[PDB]
Number of protein chains: 2
Amino acid sequence: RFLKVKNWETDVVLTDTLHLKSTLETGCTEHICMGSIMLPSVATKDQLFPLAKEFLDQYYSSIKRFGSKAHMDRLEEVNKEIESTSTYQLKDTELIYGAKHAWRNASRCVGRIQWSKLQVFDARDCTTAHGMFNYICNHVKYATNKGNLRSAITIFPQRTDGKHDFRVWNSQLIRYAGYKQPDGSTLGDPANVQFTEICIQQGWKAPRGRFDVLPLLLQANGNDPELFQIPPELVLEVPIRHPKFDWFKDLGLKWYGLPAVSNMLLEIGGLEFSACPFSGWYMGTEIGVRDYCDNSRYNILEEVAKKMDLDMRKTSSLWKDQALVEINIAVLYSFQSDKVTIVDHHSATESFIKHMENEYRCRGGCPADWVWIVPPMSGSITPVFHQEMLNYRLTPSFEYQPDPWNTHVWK
Amino acid sequence: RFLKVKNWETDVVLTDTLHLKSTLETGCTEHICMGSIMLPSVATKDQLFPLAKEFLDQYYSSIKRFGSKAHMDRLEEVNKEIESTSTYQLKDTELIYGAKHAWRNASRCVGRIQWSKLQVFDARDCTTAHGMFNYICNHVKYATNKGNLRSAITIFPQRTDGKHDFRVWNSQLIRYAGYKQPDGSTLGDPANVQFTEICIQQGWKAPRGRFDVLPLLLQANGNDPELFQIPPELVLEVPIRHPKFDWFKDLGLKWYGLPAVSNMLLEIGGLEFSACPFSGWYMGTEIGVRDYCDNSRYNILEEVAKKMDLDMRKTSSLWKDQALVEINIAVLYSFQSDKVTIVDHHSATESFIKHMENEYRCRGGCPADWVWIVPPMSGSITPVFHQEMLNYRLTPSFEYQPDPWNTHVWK
Ligand code: HEM
Ligand code: HEM
Ligand SMILES: N=C(Nc1ccc(CCNCc2cccc(NC(=N)c3ccco3)c2)cc1)c1ccco1
Ligand SMILES: N=C(Nc1ccc(CCNCc2cccc(NC(=N)c3ccco3)c2)cc1)c1ccco1
Ligand SMILES: C[C@H](O)[C@H](O)[C@H]1CNc2nc(N)[nH]c(=O)c2N1
Ligand SMILES: C[C@H](O)[C@H](O)[C@H]1CNc2nc(N)[nH]c(=O)c2N1
Ligand SMILES: [Zn+2]
């Protein structure tokens, strides 16, 4: 009832009791482990109050007035509003608490040492896609901060019935378009090919190039989504160069500075926020390794190896690995030379071990998903590879949710 | 009851029913995933017969005479011998079946495409440590095959009471010694420092250098273990050079060609083989990444970066990664130029995906441990990173077992 996780590079041992508070299920059983399954899988007023109570008990405990007067009043207050309205509404302070702890509890996030430095934008007063666009631009401007990136989340109105849902249809606020060609191959980002075509289906006019920043497709209160183009001056970009290889500029690559996922769902006290774009900053490998060198992505290991003068004949010449490291030196170098916030997989993973310590001390644990925490290159030369991690689901939390075009009733 | 695993780089989907036959437990629950815990945790005659029956049913099913005459006779035959002797004995064919399937079921093994090409050496007639030495030398000679390595296992007598146990005290038949210095630091291999000192405690005379091949410490039928030096002509070594950097020879590194774990425990039909050294061949990264560049191992990223002329000031210069790829090009290059069998993490992981296909088709599944299958460098540029894997425990199986010096009664 008090589990042990060990680091096999420092012999450090930490004891986990936080998993006790766990509640949601993981997909694993006693006889099958699903820790490498990518996605493992309206709400009534009965279910809603334990969840509100649970949440409120930790919120007041966190400001050191658990079970007190102001607590039991709010517990009663929310009880009454759930009877009356069949749902309820979070205080501004409760929303900011919930959000930050949804991030704190994100077991796949290696960035959580920053979880308490999160700027919460309350867009729960929003009613239209244009208001969403306006809130999102302000999010993008604020979080970017001229390259001194700041973490932020904008939280649109909670789901109510279910047919009234606020959704950002983009998977990230800033994404490069993907177009398939006549010869099957893909210009731009292959990951977004279907979304890029949804934007054209609803009206986008595509500059059919590479790094074309997609428009926002914004759905408000269940209505059909509408297209908006982020003012380009708000979309900060780092052109990627290499600190030794001047042919690297000729590759003509760039990436946006601001990673902001917008397709996820924030759960706080049983309430569901289907549109809650959050941004922080990139770890280099997300761009250099996955974005650039995934096969079903920009897939540039071919060209970079070529220009490097590489033995591409034999698999075992590690030409793929060799080009992979150069691409990531270039990503980091480029971003830092432009004073755009980026972290390398070594700093980020040491910080996560440091974060893990603090959590086990002042919280009794840290849910962590090794499969996702270990960076996609140079696994074992980073301290998280050697760190045992217990994965369990705590709430408040960020959840996967269906793509809104699979679920929506159009017209 | 029929689970789906997906490859997110090829969109290939495979369906797992093999996990049904699973029986042993994984450490995970519905509310906690332990897929990154490194080690998750006498036998009576009651327990022994279902296990024998279970095993025999799959063995006869595998030669296409399930439940037949020759089956029910052996089922009865083993039933009677378990009543009589309180244990039993495997046919030569049953031992070879069990062993190969213990390997087939090793979910952390990326090498299993070869599982049916395994040479089984029956050393169940062994009675003394000298016989163990002799069987082990023959294993080493055969498996090495002058560098055209062949997979093999030597199986010493099963555990009986528990105080009579055959054990190889080494963790691998061929390992480099580790000595701590006056100034705390370590010459040779730090991993083996305690074992290297156990060998001195029982009588070894250490050439206190780097790549000193340890002696065998062999325990027979529970008796105290005895030291033997593998004839050096049987210990094949690859001196590591780089195909471009002639200063790499100056590093003066070498590794043994033969990976043979000997500290594990083979379970077949409920019988327990506490001494069952198995060997195959190395994937490059085990040497180049873990052996050489683990912090608590040879830890040579320092010196290789230096000689490469590298920006070692800033963590984010990826100098660690850059030196890591060169070290692994050198390992592979060296081994292949010496006609010593080695596989690169790209060939090995593509083969495992290919292996995974065959298993899901002609077996209904393949237990796999993503945490261990993904190589310790260049994770996502290999196809196994993108392959969802279900981990579950099938039998026959290889199991972890206590180090014999923590459990043994000396004198
Ligand atoms: C501040 C700097 C941050 C860094 C360096 C960082 C880093 C990362 C990385 C590398 C991943 C893996 C994602 C992938 O491979 O696609 C991840 C996952 C995640 N991050 Fe963080 N992140 C940061 C901030 C945040 C913030 C501010 C939030 C929420 C408010 C957040 C929530 C999450 C969630 C929910 C996931 C898992 C999503 C999924 O399962 O796909 N992160 N993070
Ligand atoms: C034939 C070529 C083989 C290759 C390339 C290979 C590769 C690997 C690798 C890289 C690992 C991870 C081990 C580590 O990181 O320390 C592993 C694990 C393992 N292999 Fe294979 N292996 C081979 C043959 C075999 C054979 C012949 C057997 C048994 C008869 C076997 C049984 C196992 C077991 C039981 C594990 C897991 C051990 C543990 O959990 O520590 N392997 N293999
Ligand atoms: N579609 C695919 N699967 C698939 C792949 C990935 C996912 C989830 C991706 N989370 C994206 C994500 C999530 C969280 C953080 C970041 N990054 C940051 N720094 C960041 C953003 C905000 C703060 O920090 C990126 C879901 C499905 C696929 C892959 C290959 C072919 O297909
Ligand atoms: N002691 C530590 N933990 C720890 C680390 C590892 C283990 C298990 C290691 N299995 C070793 C192993 C197992 C199977 C295959 C290979 N390889 C092959 N090719 C091979 C051999 C035979 C056929 O193929 C290597 C157990 C405990 C540690 C790590 C860092 C500091 O401490
Ligand atoms: C199949 C596997 O679950 C999939 O590749 C996961 C593995 N780990 C990951 N880790 C991160 N950070 N991001 C990812 O997309 C993935 N993908
Ligand atoms: C903590 C973690 O479980 C540990 O580092 C594991 C991770 N994956 C591994 N994978 C392999 N192949 N070998 C290992 O030693 C490990 N170590
Ligand atoms: Zn699990």
Side-chain angles (χ1 to χ4, degrees), chain A residues 23-24 41-59 74-103 105 120-136 138-139 153-171 173 202 216-226 228 261-278 393 395-411:
Chain A
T23 182
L24 236 180
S41 182
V42 67
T44 87
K45 35 197 145 182
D46 316 283
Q47 325 145 328
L48 233 64
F49 189 67
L51 296 168
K53 177 191 213 318
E54 186 196 334
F55 171 77
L56 290 176
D57 281 288
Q58 25 189 118
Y59 169 62
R74 180 101 181 97
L75 220 66
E76 178 86 333
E77 174 173 48
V78 179
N79 198 39
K80 296 161 155 179
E81 177 180 9
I82 293 172
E83 306 283 3
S84 159
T85 337
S86 68
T87 160
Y88 74 95
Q89 297 298 317
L90 293 159
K91 295 286 170 201
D92 281 15
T93 57
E94 297 171 352
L95 193 75
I96 298 156
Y97 172 92
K100 293 188 179 190
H101 283 261
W103 179 14
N105 299 335
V120 174
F121 292 111
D122 183 354
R124 278 176 312 165
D125 64 358
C126 192
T127 62
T128 53
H130 272 90
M132 293 173 73
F133 175 61
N134 185 56
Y135 269 116
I136 284 174
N138 292 342
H139 176 139
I153 187 166
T154 304
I155 295 165
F156 292 106
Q158 61 212 48
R159 172 174 294 142
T160 40
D161 63 332
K163 193 48 238 160
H164 299 98
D165 261 8
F166 286 67
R167 298 286 314 261
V168 191
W169 283 35
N170 308 57
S171 20
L173 301 184
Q202 299 307 150
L216 302 170
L217 241 203
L218 306 175
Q219 156 185 4
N221 201 39
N223 291 275
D224 304 339
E226 309 166 23
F228 315 80
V261 303
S262 26
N263 52 7
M264 283 194 90
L265 191 162
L266 166 58
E267 179 164 303
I268 298 167
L271 304 182
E272 295 184 330
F273 300 92
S274 43
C276 55
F278 54 91
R393 301 234 275 187
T395 201
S397 78
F398 288 105
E399 300 298 358
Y400 281 130
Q401 75 183 327
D403 285 332
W405 53 88
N406 300 339
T407 41
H408 192 37
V409 178
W410 264 86
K411 298 206 229 192

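Chain identifiers are assigned alphabetically (A, B, ...) following the order of the sequence lines, protein sequences preceding nucleic acid strands; residue numbering begins at 1 within each chain. Keep in mind that the numbers below use all heavy atoms, side chains included, and drop hydrogens, waters and symmetry copies.
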Handout entry: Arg124(A)/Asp92(A) salt bridge by N-O under 4.0 Å criterion
Key = yes
Problem - Main-chain N/O of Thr127(A) paired to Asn221(A) side chain as donor or acceptor, under 3.5 Å - result: no
Handout entry: Sub-4.5 Å side-chain heavy-atom contact between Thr407(A) and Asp165(A)
Key = no
Handout entry: Check: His130(A) main-chain N/O paired with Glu226(A) side-chain donor or acceptor under 3.5 Å
Key = no
Handout entry: Test item: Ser262(A) side-chain N/O and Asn170(A) main-chain N/O as donor-acceptor pair under 3.5 Å
Key = yes
Exercise for the section: Supply the atom-to-atom distance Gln401(A) CD to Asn263(A) CG, rounded to the nearest 0.5 angstrom. Expected result: 7.0 Å
Problem - Point-to-point distance, once rounded to the nearest 0.5 Å, from CZ of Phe398(A) to CG of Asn105(A) - result: 10.0 Å
Exercise for the section: Measure the CD-CZ distance between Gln158(A) and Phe166(A) for me, rounded to the nearest 0.5 Å. Expected result: 10.5 Å
Exercise for the section: Drop me the distance from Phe133(A)'s CZ to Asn138(A)'s CG, to the nearest 0.5 angstrom. Expected result: 9.5 Å
Handout entry: Donor-acceptor contact present, side-chain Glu272(A) to main-chain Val42(A), <3.5 Å
Key = no
Practice task
Looking only at non-hydrogen atoms, find the nearest pair between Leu95(A) and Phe273(A) and report the distance.
Solution key: CD1-CZ, 3.8 Å
Handout entry: Shortest non-hydrogen separation from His408(A) to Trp169(A) and the atoms involved
Key = CD2-CZ2, 4.0 Å
Practice task
In plain terms, say whether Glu77(A) and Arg74(A) are close enough for a salt bridge, that is, a side-chain N and a carboxylate O under 4.0 Å apart.
Solution key: yes
Exercise for the section: Please confirm whether the backbone N or O of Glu81(A) pairs with a side-chain atom of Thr85(A), one donor and one acceptor, at under 3.5 Å? Expected result: yes
Practice task
Taking all heavy atoms of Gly131(A) and all of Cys126(A), pick out the closest pair and write down the distance.
Solution key: C-SG, 3.4 Å
Problem - Heavy-atom side-chain proximity of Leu218(A) to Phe228(A) below 4.5 angstrom - result: yes
Exercise for the section: For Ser274(A) and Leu265(A), indicate whether the former's side chain and the latter's backbone hold a donor-acceptor pair under 3.5 Å. Expected result: no
Practice task
Would you please say whether a donor-acceptor pair under 3.5 Å links the side chains of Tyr59(A) and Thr93(A)?
Solution key: yes
Handout entry: Donor-acceptor pair, side chain of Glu54(A) and main chain of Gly269(A), under 3.5 angstrom
Key = no
Exercise for the section: Would you confirm whether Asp161(A), through its side chain, and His164(A), through its main-chain N or O, come within 3.5 Å as a donor-acceptor pair? Expected result: yes
Handout entry: Contact check, side chains of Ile136(A) and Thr154(A), non-hydrogen atoms, under 4.5 Å
Key = no
Practice task
Of all the heavy-atom pairs spanning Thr87(A) and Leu48(A), show the shortest one and how long it is.
Solution key: CA-CD2, 3.7 Å
Practice task
If the plane angle is over 60° it's perpendicular, under 30° parallel, otherwise tilted; pick one for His139(A) and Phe121(A).
Solution key: tilted
Handout entry: Non-hydrogen side-chain atoms of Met132(A) and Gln219(A) separated by less than 4.5 Å
Key = no
Problem - Non-hydrogen atoms of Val168(A) and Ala275(A) that approach each other most closely - result: N-CB, 4.1 Å
Practice task
Mind telling me whether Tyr97(A) and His101(A) have parallel, tilted or perpendicular rings, with 30° and 60° as the class edges?
Solution key: parallel
Problem - Whether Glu94(A) side chain and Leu56(A) backbone form a donor-acceptor pair below 3.5 Å - result: no
Handout entry: Interatomic distance, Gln58(A) atom CD to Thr395(A) atom OG1 [nearest 0.5 angstrom]
Key = 7.0 Å
Practice task
Can you see which heavy atom on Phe49(A) is nearest to which on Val78(A), and at what distance?
Solution key: CE1-C, 4.2 Å
Fill in the blank from the handout: Taken to the nearest 0.5 Å, the spacing of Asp122(A) CG from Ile96(A) CD1 works out to 8.0 Å
Handout entry: Heavy-atom check, side chain of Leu90(A) versus side chain of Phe55(A), under 4.5 Å
Key = yes
Handout entry: Side chains of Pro225(A) and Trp405(A) in contact at under 4.5 Å (non-hydrogen atoms)
Key = no
Exercise for the section: Answer yes or no: does atom NZ of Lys163(A) have more than 12 heavy-atom neighbours from other residues, nucleotides or ligands under 6.0 Å? Expected result: yes
Practice task
State, yes or no, whether a side-chain contact exists between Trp103(A) and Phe278(A) at a heavy-atom distance under 4.5 Å.
Solution key: no
Problem - Side-chain touch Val120(A)/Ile155(A), heavy atoms, less than 4.5 angstrom - result: yes
